[PDB]
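K.L.:
Below are the structure tokens for one structure; questions will follow.
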Amino acid sequence: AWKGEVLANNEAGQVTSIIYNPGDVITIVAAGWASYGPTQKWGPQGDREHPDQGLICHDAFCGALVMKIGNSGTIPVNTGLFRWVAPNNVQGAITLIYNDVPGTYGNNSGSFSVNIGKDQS
Ligand SMILES: OC[C@H]1O[C@@H](O)[C@H](O)[C@@H](O)[C@H]1O
Ligand SMILES: [Ca+2]
């Protein structure tokens with residue numbers, strides 16, 4: 001399993017100890033408060049009022065928690081995944097990432113605490 005924090009200002013994301021393999025069932029639970037710039041902070045679902053100005057994940061709000069599995073595109077995690085199975089031919093190490101616009105991570109603050117584990121399958 002993996003337990004740690006994902007820094008909002010870390011554009012390269014947070015590499016976990018989870019290597020997603022075909023058929024794996026995983027659970028993720030994310031918590032905490034972060035910001036993509038403003039003094040206000042948002043949870044793992046991000047800011048539902050802020051327009052997408054070029055986010056790394058166009059399927060989640062700005063400031064939401066997202067992930068990459070191997071060399072995959074960004075996949076929304078938000079508050080978490082419940083006994084989740086990846087799309088076909090998606091595999092590799094899970095990288096957790098704060099959802100923001102490329103080049104604009106420098107002014108981000110806070111972090112999400114996250115747990116990831118592989119489930120019975
Ligand atoms: O839309 C994303 C952008 O939002 C702004 O409000 C913020 O100051 C920028 O750093 C960038 O994150
Ligand atoms: Ca920002």
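Note on naming: chains are A, B, ... as they come in the structure tokens, residues start from 1 per chain, ligands start from 1 in the order shown.
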I want to know what sits within 9 Å of residue 16 of chain A, based on only C-alpha atoms, with residues of the same chain fewer than 4 positions away left out; could you give that as a list in words?
P.N.:
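Contacts, with the query itself left out: residues 1, 2, 3, 4, 93, 94, 95, 96 and 116 of chain A.
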K.L.:
I'd like the contact shell of segment 36-52 of chain A - 10 Å cut-off, only C-alpha atoms, skipping same-chain residues fewer than 6 positions apart - returned as a PyMOL selection string.
P.N.:
chain A and resi 8-9+29-30+58-66+76-80+98-101+104-114
K.L.:
What does the file look like for those residues with N, CA and C atoms, as a CSV table (one decimal), in the first residue's frame?
P.N.:
chain,number,residue,atom,x,y,z
A,8,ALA,N,0.5,20.4,-3.9
A,8,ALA,CA,-0.2,21.2,-4.9
A,8,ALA,C,0.8,21.8,-5.9
A,9,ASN,N,2.0,22.2,-5.3
A,9,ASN,CA,2.9,23.0,-6.1
A,9,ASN,C,3.9,22.0,-6.9
A,29,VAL,N,-8.3,6.8,-1.4
A,29,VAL,CA,-9.1,7.8,-0.6
A,29,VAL,C,-8.2,9.0,-0.4
A,30,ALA,N,-8.7,10.2,-0.9
A,30,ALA,CA,-8.0,11.4,-0.8
A,30,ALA,C,-8.7,12.4,0.1
A,58,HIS,N,-8.6,17.5,-18.3
A,58,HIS,CA,-9.8,18.2,-18.7
A,58,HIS,C,-11.1,17.5,-18.2
A,59,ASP,N,-10.9,16.5,-17.4
A,59,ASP,CA,-12.1,15.7,-16.9
A,59,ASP,C,-12.2,15.9,-15.4
A,60,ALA,N,-11.5,16.8,-14.8
A,60,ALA,CA,-11.7,17.2,-13.4
A,60,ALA,C,-11.5,18.7,-13.2
A,61,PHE,N,-12.1,19.2,-12.2
A,61,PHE,CA,-11.9,20.6,-11.9
A,61,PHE,C,-10.5,21.0,-11.6
A,62,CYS,N,-10.2,22.3,-11.8
A,62,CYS,CA,-8.9,22.8,-11.4
A,62,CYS,C,-8.8,22.6,-9.9
A,63,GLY,N,-7.6,22.1,-9.5
A,63,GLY,CA,-7.3,21.8,-8.1
A,63,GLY,C,-7.8,20.5,-7.6
A,64,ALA,N,-8.3,19.7,-8.5
A,64,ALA,CA,-8.7,18.3,-8.1
A,64,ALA,C,-7.5,17.4,-8.1
A,65,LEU,N,-7.6,16.3,-7.4
A,65,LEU,CA,-6.6,15.3,-7.5
A,65,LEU,C,-6.8,14.4,-8.7
A,66,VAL,N,-5.7,14.2,-9.5
A,66,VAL,CA,-5.8,13.3,-10.7
A,66,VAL,C,-4.6,12.4,-10.6
A,76,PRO,N,-9.0,11.2,-13.6
A,76,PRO,CA,-9.5,11.9,-12.4
A,76,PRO,C,-9.6,10.9,-11.2
A,77,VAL,N,-9.1,11.4,-10.1
A,77,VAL,CA,-9.2,10.6,-8.8
A,77,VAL,C,-10.2,11.3,-7.9
A,78,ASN,N,-10.1,12.6,-7.8
A,78,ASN,CA,-10.9,13.4,-6.9
A,78,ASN,C,-10.8,12.9,-5.5
A,79,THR,N,-12.0,12.6,-4.8
A,79,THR,CA,-12.0,12.1,-3.4
A,79,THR,C,-11.5,10.7,-3.3
A,80,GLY,N,-11.5,10.0,-4.4
A,80,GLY,CA,-11.0,8.6,-4.4
A,80,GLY,C,-11.7,7.7,-5.4
A,98,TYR,N,-1.6,17.0,-8.6
A,98,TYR,CA,-2.5,18.1,-8.5
A,98,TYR,C,-2.9,18.7,-9.8
A,99,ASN,N,-4.2,18.9,-10.1
A,99,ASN,CA,-4.7,19.4,-11.4
A,99,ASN,C,-4.6,20.9,-11.5
A,100,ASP,N,-3.6,21.3,-12.3
A,100,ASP,CA,-3.4,22.8,-12.6
A,100,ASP,C,-2.9,23.0,-14.0
A,101,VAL,N,-2.8,24.2,-14.4
A,101,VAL,CA,-2.3,24.5,-15.8
A,101,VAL,C,-0.8,24.4,-15.8
A,104,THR,N,2.1,26.8,-14.2
A,104,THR,CA,1.5,27.7,-13.2
A,104,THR,C,1.4,27.0,-11.8
A,105,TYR,N,2.3,26.0,-11.6
A,105,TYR,CA,2.3,25.3,-10.3
A,105,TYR,C,3.0,26.1,-9.2
A,106,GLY,N,3.8,27.0,-9.6
A,106,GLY,CA,4.7,27.8,-8.7
A,106,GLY,C,4.0,28.5,-7.5
A,107,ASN,N,2.8,28.9,-7.7
A,107,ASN,CA,2.0,29.6,-6.7
A,107,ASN,C,1.0,28.8,-6.0
A,108,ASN,N,1.1,27.5,-6.1
A,108,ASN,CA,0.2,26.5,-5.5
A,108,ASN,C,0.6,26.3,-4.0
A,109,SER,N,-0.4,25.9,-3.2
A,109,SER,CA,-0.1,25.7,-1.8
A,109,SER,C,-0.9,24.5,-1.2
A,110,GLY,N,-0.5,24.0,-0.1
A,110,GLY,CA,-1.2,22.9,0.5
A,110,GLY,C,-1.0,21.6,-0.1
A,111,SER,N,-1.7,20.6,0.4
A,111,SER,CA,-1.5,19.2,-0.1
A,111,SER,C,-2.7,18.4,0.1
A,112,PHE,N,-2.8,17.2,-0.5
A,112,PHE,CA,-3.8,16.2,-0.2
A,112,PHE,C,-3.1,15.0,0.4
A,113,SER,N,-3.7,14.5,1.5
A,113,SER,CA,-3.2,13.2,2.1
A,113,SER,C,-4.0,12.1,1.3
A,114,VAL,N,-3.2,11.1,0.9
A,114,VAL,CA,-3.8,10.0,0.1
A,114,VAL,C,-3.4,8.7,0.6
K.L.:
With distances taken over only C-alpha atoms and all ligand atoms, which residue among A:90, A:26, A:19, A:56 lies nearest ligand 2?
P.N.:
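So, comparing all the options, the nearest one is A:56.
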K.L.:
Give the answer as one residue: which of A:22, A:35, A:14, A:5 has the shortest atom-to-atom distance to residue 118 of chain A, using only C-alpha atoms?
P.N.:
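So, comparing all the options, the nearest one is A:22.
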K.L.:
For residue 72 of chain A, which residue out of A:15, A:7, A:85, A:91 is the nearest one, using only C-alpha atoms?
P.N.:
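Counting only C-alpha atoms, the residue closest to residue 72 of chain A is A:91.
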K.L.:
I'd like to know which of A:54, A:97, A:6, A:89 is closest to residue 74 of chain A, using only C-alpha atoms.
P.N.:
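The answer is A:97, which sits nearest to residue 74 of chain A.
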K.L.:
Find the spatial neighbours of residue 27 of chain A, counting only C-alpha atoms, within a cut-off of 6 Å - ignore same-chain residues fewer than 4 positions away - and output them as a VMD selection string.
P.N.:
chain A and resid 81 to 83 116 to 117
K.L.:
Okay, now the selection with C-alpha atoms, as a PDB file, in the first residue's frame?
P.N.:
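Result written to out20.pdb:
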ATOM      1  CA  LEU A  81     -11.683   5.414  -6.321  1.00  0.00           C
ATOM      2  CA  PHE A  82     -13.725   2.553  -4.917  1.00  0.00           C
ATOM      3  CA  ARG A  83     -12.565  -0.889  -6.058  1.00  0.00           C
ATOM      4  CA  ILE A 116      -3.823   3.771  -2.101  1.00  0.00           C
ATOM      5  CA  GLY A 117      -4.087   0.010  -1.878  1.00  0.00           C
TER       6      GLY A 117
END
